């Protein structure tokens, strides 16, 4: 970037920031144990010195979008989308990425709208549509995704078509909140293929520590979905580290979460250079924060620094 500032984090409140895993605002901070799952999201991954990882790209509005053109599957209301790149050029499967940037990084049924414009006359059309990212034929890395829609006839072939995500759904005849599964990665090249070029899984290692999650509630569109969505970094931090690209002077940036209403620190945390945050706590806990609170970088420390409990 064009500046010449030492390392910092942005002065932004949680509510001023955006989830890096779905195009919705952040609402709250949450910490819980993670030994019972694998935490390997591919969106919202960036080192503190500005290296984008996984499927992470810069604008939050592109997260969980797809673009391309569609072909109807006869005898259904389903369509295959042959993907374009984000700027409508040809999609290139040989790029060293797990999937097109911004592709969904969790297994679930994401609902939104497919929209389309006919080039010759500028006629337009749009329908509700869902992508099941755990389906065998979800293969964005190969350039193909299938959508279930509300039409069997009202999309043209060979015309620009976009999917805009809105929320998630669940089958209400089944155990409530059984999906989405935010920590289950899709198989980006389809069932029984191996993902490539992934951002690594993350876990706290220091005793007494847990991940700190930046949490939103995904809109629900049908049934009884699990709408919790946790990201490792706000999108604005991805954007800021990309732009600043300040070298990490140690493995960990010590951050204090400041309450400007009282002038006191509420808690401190470790921002790991590979791009995730830990805190000293044991158990599930919804943090209760001043709405005008923000994070502040105070010191470079190592991974063996002992945090004050919160």
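Positions refer to the first chain, counted from 1.
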Between 156-164 and 206-214 (mean CA B-factor, as deposited), the higher: 206-214
111-119 versus 74-82 - which carries the larger mean C-alpha B factor in the record: 74-82
Out of 92, 105, 236, 228, highest CA B-factor residue: 92
Residue, from 48, 35, 57, 278, that the PDB entry assigns the highest Cα B-factor: 35
Chain thirds of CA B-factor: placement of residue 88: highest
Where the record places residue 301 (Cα B-factor, split into thirds across the chain): highest
For residue 10, the third of its chain into which the C-alpha B factor falls: middle
Third of the chain, ranked by Cα B-factor, where residue 133 sits: lowest
Lowest, middle or highest third - CA B-factor, residue 62: lowest
